[PDB]
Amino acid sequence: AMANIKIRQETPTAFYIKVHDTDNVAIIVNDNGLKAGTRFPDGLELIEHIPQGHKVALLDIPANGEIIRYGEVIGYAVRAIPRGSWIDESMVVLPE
C-alpha cells in the first residue's frame, strides 16, 4: 500500500512567474492581485498588495542595484527594494 501514497493539494489559484534564472523579479498572477502576507515556497512573502501583472521583488535589491527580468537589466532601483515588495515604476530609473 505504501509504494504509491499520494498527497494532493487544493487547486492553486495564485502564482508568480519567473522567466529567466538570473531574474530578481517575477510577475504576480491572481485576479485582483495578491495581498500582503501571501507566501511562496522559497521563503518569499509579499509585504504589500501587488496588482495582477505587476512585478514582485524576489530578493532584497539595494539602492541603484540592477533590476533583472528576462535576463536583462531593465532598470535600477531608485531606493532599496525589500524582498517581496511591489516594483512600482516611480522607483525605477531606466537604463540609458
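Residue indices: 1-based, along the sequence shown.
For the pair 53 to 61 and 36 to 44, the mean Cα B-factor is higher in 36 to 44. Highest C-alpha temperature factor among 17, 73, 80, 87 per the entry: 73.
Residue 22: CA B factor lies in the highest third for its chain, per the PDB record. Per-chain ranking of the deposited C-alpha B factor places residue 11 in the lowest third.
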